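The file upload.pdb comes next; it holds PDB, C-alpha atoms and all ligand atoms.
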MODEL        1
ATOM      1  CA  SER A   1     -54.604  14.783-100.003  1.00  0.00           C
ATOM      2  CA  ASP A   2     -56.480  15.081-103.298  1.00  0.00           C
ATOM      3  CA  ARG A   3     -53.566  14.450-105.661  1.00  0.00           C
ATOM      4  CA  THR A   4     -52.516  17.916-106.828  1.00  0.00           C
ATOM      5  CA  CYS A   5     -49.303  18.931-108.589  1.00  0.00           C
ATOM      6  CA  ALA A   6     -46.458  19.999-106.301  1.00  0.00           C
ATOM      7  CA  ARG A   7     -45.325  22.785-108.631  1.00  0.00           C
ATOM      8  CA  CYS A   8     -48.556  24.185-110.070  1.00  0.00           C
ATOM      9  CA  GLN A   9     -51.020  22.587-107.654  1.00  0.00           C
ATOM     10  CA  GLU A  10     -53.318  21.255-110.377  1.00  0.00           C
ATOM     11  CA  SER A  11     -55.768  18.344-110.392  1.00  0.00           C
ATOM     12  CA  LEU A  12     -54.094  15.038-111.246  1.00  0.00           C
ATOM     13  CA  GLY A  13     -57.145  12.855-111.794  1.00  0.00           C
ATOM     14  CA  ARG A  14     -56.235  10.827-114.871  1.00  0.00           C
ATOM     15  CA  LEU A  15     -52.539  11.409-114.177  1.00  0.00           C
ATOM     16  CA  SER A  16     -51.587   8.193-112.383  1.00  0.00           C
ATOM     17  CA  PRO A  17     -49.846   9.051-109.086  1.00  0.00           C
ATOM     18  CA  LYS A  18     -48.435   5.520-109.157  1.00  0.00           C
ATOM     19  CA  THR A  19     -45.422   6.743-111.132  1.00  0.00           C
ATOM     20  CA  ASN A  20     -46.158  10.466-111.370  1.00  0.00           C
ATOM     21  CA  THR A  21     -44.094  11.193-108.259  1.00  0.00           C
ATOM     22  CA  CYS A  22     -40.721  12.904-108.652  1.00  0.00           C
ATOM     23  CA  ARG A  23     -38.053  10.382-107.655  1.00  0.00           C
ATOM     24  CA  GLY A  24     -36.058  13.289-106.255  1.00  0.00           C
ATOM     25  CA  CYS A  25     -38.783  15.011-104.249  1.00  0.00           C
ATOM     26  CA  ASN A  26     -41.399  12.301-103.710  1.00  0.00           C
ATOM     27  CA  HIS A  27     -44.146  14.760-104.651  1.00  0.00           C
ATOM     28  CA  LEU A  28     -46.724  14.797-107.447  1.00  0.00           C
ATOM     29  CA  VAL A  29     -46.037  16.537-110.761  1.00  0.00           C
ATOM     30  CA  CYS A  30     -48.342  16.751-113.778  1.00  0.00           C
ATOM     31  CA  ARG A  31     -47.063  15.868-117.250  1.00  0.00           C
ATOM     32  CA  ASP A  32     -46.192  19.540-117.726  1.00  0.00           C
ATOM     33  CA  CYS A  33     -43.909  20.102-114.734  1.00  0.00           C
ATOM     34  CA  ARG A  34     -41.648  17.156-115.557  1.00  0.00           C
ATOM     35  CA  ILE A  35     -38.379  17.457-117.478  1.00  0.00           C
ATOM     36  CA  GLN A  36     -37.364  14.462-119.592  1.00  0.00           C
ATOM     37  CA  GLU A  37     -34.103  13.488-117.894  1.00  0.00           C
ATOM     38  CA  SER A  38     -31.315  12.177-120.125  1.00  0.00           C
ATOM     39  CA  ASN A  39     -31.469   9.139-117.842  1.00  0.00           C
ATOM     40  CA  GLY A  40     -34.206   6.518-117.684  1.00  0.00           C
ATOM     41  CA  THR A  41     -36.708   8.690-115.832  1.00  0.00           C
ATOM     42  CA  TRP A  42     -37.905  12.249-115.233  1.00  0.00           C
ATOM     43  CA  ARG A  43     -37.464  14.991-112.634  1.00  0.00           C
ATOM     44  CA  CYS A  44     -39.679  17.970-111.802  1.00  0.00           C
ATOM     45  CA  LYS A  45     -38.650  21.396-113.096  1.00  0.00           C
ATOM     46  CA  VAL A  46     -37.253  22.065-109.621  1.00  0.00           C
ATOM     47  CA  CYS A  47     -34.977  19.025-109.810  1.00  0.00           C
ATOM     48  CA  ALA A  48     -34.107  18.800-113.505  1.00  0.00           C
ATOM     49  CA  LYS A  49     -33.326  22.517-113.322  1.00  0.00           C
ATOM     50  CA  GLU A  50     -29.732  23.762-113.399  1.00  0.00           C
ATOM     51  CA  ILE A  51     -28.674  23.406-109.763  1.00  0.00           C
ATOM     52  CA  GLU A  52     -26.863  21.002-107.438  1.00  0.00           C
ATOM     53  CA  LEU A  53     -26.616  20.327-103.702  1.00  0.00           C
TER      54      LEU A  53
HETATM   55 ZN    ZN B   1     -38.290  17.084-107.875  1.00  0.00          ZN
HETATM   56 ZN    ZN B   2     -47.735  20.828-112.749  1.00  0.00          ZN
ENDMDL
END
Please express what this file holds, its structure, as structure tokens.
Ligand SMILES: [Zn+2]
Ligand SMILES: [Zn+2]
Amino acid sequence: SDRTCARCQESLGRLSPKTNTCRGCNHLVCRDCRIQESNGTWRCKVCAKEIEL
């Protein structure tokens, strides 16, 4: 409840949790745990990774 990454558990502070929330997990993810998705958004390393289902 302090705004910490959901992959590395790091302080978000000046991260902006308004849009820094994986659209596939709904959790927080710093600008280092996000993978530029070919689409018009981004998905954590756990989502953008190579895996389905
Ligand atoms: Zn995710
Ligand atoms: Zn992170």
Residues at most 12 Å from residue 41 (chain A), counting only C-alpha atoms, excluding those fewer than 3 positions away in the same chain, as a PDB file with C-alpha atoms, in the coordinates of the input?
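Output (part-v2.pdb):
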ATOM      1  CA  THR A  19     -45.422   6.743-111.132  1.00  0.00           C
ATOM      2  CA  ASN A  20     -46.158  10.466-111.370  1.00  0.00           C
ATOM      3  CA  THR A  21     -44.094  11.193-108.259  1.00  0.00           C
ATOM      4  CA  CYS A  22     -40.721  12.904-108.652  1.00  0.00           C
ATOM      5  CA  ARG A  23     -38.053  10.382-107.655  1.00  0.00           C
ATOM      6  CA  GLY A  24     -36.058  13.289-106.255  1.00  0.00           C
ATOM      7  CA  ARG A  34     -41.648  17.156-115.557  1.00  0.00           C
ATOM      8  CA  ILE A  35     -38.379  17.457-117.478  1.00  0.00           C
ATOM      9  CA  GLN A  36     -37.364  14.462-119.592  1.00  0.00           C
ATOM     10  CA  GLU A  37     -34.103  13.488-117.894  1.00  0.00           C
ATOM     11  CA  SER A  38     -31.315  12.177-120.125  1.00  0.00           C
ATOM     12  CA  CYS A  44     -39.679  17.970-111.802  1.00  0.00           C
ATOM     13  CA  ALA A  48     -34.107  18.800-113.505  1.00  0.00           C
TER      14      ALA A  48
END
What does the distance between CA of residue 5 (chain A) and CA of residue 52 (chain A) come to in Å, to one decimal place?
-> 22.6 Å
When you draw a straight line from CA of residue 1 (chain A) to atom ZN of ligand ZN 2 (chain B), how long is it in Å?
-> 15.7 Å
Please identify every polymer residue within 12 Å of ligand ZN 2 (chain B), using all atoms listed in the file, and present the set as a list in words.
-> residues 3, 4, 5, 6, 7, 8, 9, 10, 11, 12, 15, 20, 21, 22, 27, 28, 29, 30, 31, 32, 33, 34, 35, 43, 44, 45 and 46 of chain A
Print the selection's residues with C-alpha atoms to a file, as a compact mmCIF listing (two decimals), in the frame of the given file.
# COMPACT_ATOMS: atom_id res chain seq x y z
CA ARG A 3 -53.57 14.45 -105.66
CA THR A 4 -52.52 17.92 -106.83
CA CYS A 5 -49.30 18.93 -108.59
CA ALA A 6 -46.46 20.00 -106.30
CA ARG A 7 -45.32 22.78 -108.63
CA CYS A 8 -48.56 24.18 -110.07
CA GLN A 9 -51.02 22.59 -107.65
CA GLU A 10 -53.32 21.26 -110.38
CA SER A 11 -55.77 18.34 -110.39
CA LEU A 12 -54.09 15.04 -111.25
CA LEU A 15 -52.54 11.41 -114.18
CA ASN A 20 -46.16 10.47 -111.37
CA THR A 21 -44.09 11.19 -108.26
CA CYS A 22 -40.72 12.90 -108.65
CA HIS A 27 -44.15 14.76 -104.65
CA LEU A 28 -46.72 14.80 -107.45
CA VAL A 29 -46.04 16.54 -110.76
CA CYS A 30 -48.34 16.75 -113.78
CA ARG A 31 -47.06 15.87 -117.25
CA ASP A 32 -46.19 19.54 -117.73
CA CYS A 33 -43.91 20.10 -114.73
CA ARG A 34 -41.65 17.16 -115.56
CA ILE A 35 -38.38 17.46 -117.48
CA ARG A 43 -37.46 14.99 -112.63
CA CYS A 44 -39.68 17.97 -111.80
CA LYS A 45 -38.65 21.40 -113.10
CA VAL A 46 -37.25 22.06 -109.62
Nearest candidate to ligand ZN 1 (chain B) (options A:13, A:40, A:18, A:49; using all atoms listed in the file) |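 Of A:13, A:40, A:18, A:49, the one nearest ligand ZN 1 (chain B), counting all atoms listed in the file, is A:49.
Nearest-residue note for ligand ZN 1 (chain B): choosing from A:42, A:14, A:25, A:51, the minimum distance belongs to A:25, counting all atoms listed in the file.
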Return region 11-22 of chain A, completed with N, CA and C atoms, as a PDB file, in the frame of the given file.
ATOM      1  N   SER A  11     -55.131  19.651-110.518  1.00  0.00           N
ATOM      2  CA  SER A  11     -55.768  18.344-110.392  1.00  0.00           C
ATOM      3  C   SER A  11     -55.012  17.292-111.195  1.00  0.00           C
ATOM      4  N   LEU A  12     -54.804  16.130-110.587  1.00  0.00           N
ATOM      5  CA  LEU A  12     -54.094  15.038-111.246  1.00  0.00           C
ATOM      6  C   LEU A  12     -55.070  14.089-111.932  1.00  0.00           C
ATOM      7  N   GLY A  13     -56.149  13.751-111.234  1.00  0.00           N
ATOM      8  CA  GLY A  13     -57.145  12.855-111.794  1.00  0.00           C
ATOM      9  C   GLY A  13     -56.528  11.761-112.642  1.00  0.00           C
ATOM     10  N   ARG A  14     -56.768  11.823-113.948  1.00  0.00           N
ATOM     11  CA  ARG A  14     -56.235  10.827-114.871  1.00  0.00           C
ATOM     12  C   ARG A  14     -54.751  11.071-115.135  1.00  0.00           C
ATOM     13  N   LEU A  15     -53.974  11.174-114.062  1.00  0.00           N
ATOM     14  CA  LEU A  15     -52.539  11.409-114.177  1.00  0.00           C
ATOM     15  C   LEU A  15     -51.751  10.152-113.816  1.00  0.00           C
ATOM     16  N   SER A  16     -52.245   9.416-112.827  1.00  0.00           N
ATOM     17  CA  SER A  16     -51.587   8.193-112.383  1.00  0.00           C
ATOM     18  C   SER A  16     -50.455   8.506-111.410  1.00  0.00           C
ATOM     19  N   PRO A  17     -50.816   8.738-110.139  1.00  0.00           N
ATOM     20  CA  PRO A  17     -49.846   9.051-109.086  1.00  0.00           C
ATOM     21  C   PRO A  17     -48.975   7.854-108.722  1.00  0.00           C
ATOM     22  N   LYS A  18     -49.200   6.736-109.407  1.00  0.00           N
ATOM     23  CA  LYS A  18     -48.435   5.520-109.157  1.00  0.00           C
ATOM     24  C   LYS A  18     -46.981   5.697-109.583  1.00  0.00           C
ATOM     25  N   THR A  19     -46.765   6.491-110.627  1.00  0.00           N
ATOM     26  CA  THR A  19     -45.422   6.743-111.132  1.00  0.00           C
ATOM     27  C   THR A  19     -45.209   8.225-111.413  1.00  0.00           C
ATOM     28  N   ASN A  20     -46.235   9.027-111.145  1.00  0.00           N
ATOM     29  CA  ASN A  20     -46.158  10.466-111.370  1.00  0.00           C
ATOM     30  C   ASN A  20     -45.664  11.186-110.118  1.00  0.00           C
ATOM     31  N   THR A  21     -44.658  10.608-109.468  1.00  0.00           N
ATOM     32  CA  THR A  21     -44.094  11.193-108.259  1.00  0.00           C
ATOM     33  C   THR A  21     -42.585  11.363-108.382  1.00  0.00           C
ATOM     34  N   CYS A  22     -42.142  12.608-108.523  1.00  0.00           N
ATOM     35  CA  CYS A  22     -40.721  12.904-108.652  1.00  0.00           C
ATOM     36  C   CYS A  22     -39.890  11.975-107.771  1.00  0.00           C
TER      37      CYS A  22
END
